[PDB]
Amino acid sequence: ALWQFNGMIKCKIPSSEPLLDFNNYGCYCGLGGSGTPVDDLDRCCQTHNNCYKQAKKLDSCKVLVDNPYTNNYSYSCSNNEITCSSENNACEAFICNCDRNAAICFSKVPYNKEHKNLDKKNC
């Protein structure tokens, strides 16, 4: 769920408020997405978007009427390291991995304020 993703990002980037810093950024960081990523961070979000799309197509995910952003899974942050729980069922585990990968990706790429609240004309 979004609440967990927010926590994961903070786990990797302690100084951030993810739902603010990484929302409405570039062409893919936020709800939906289209076009060519404007930078590596935007690309992290495109990959995350693609991961969610793959998830929704999994047999295990079609069983729950909850979208990836509302589907709660279990994970832990410790020493700024993210660990997806073995107690997660197939769908939740896949989503957890998608979020973990994105959180780590976000923490390894540059952040360009110029792309915050990007004109969707550029997408």
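Residue positions are given as counts along the sequence shown, with the first one as 1.
A summary of the deposited B-factors shows that, of 86-94 and 61-69, the stretch with the larger mean C-alpha value is 61-69. Looking at 22-30 and 35-43 together, the entry lists the larger mean B-factor for 22-30, computed on C-alpha atoms. When the Cα B-factors of 10, 108, 100, 113 are read from the PDB record, 113 comes out highest. When the modelled residues of the chain are ordered by their C-alpha B factor, residue 49 lands in the middle third.
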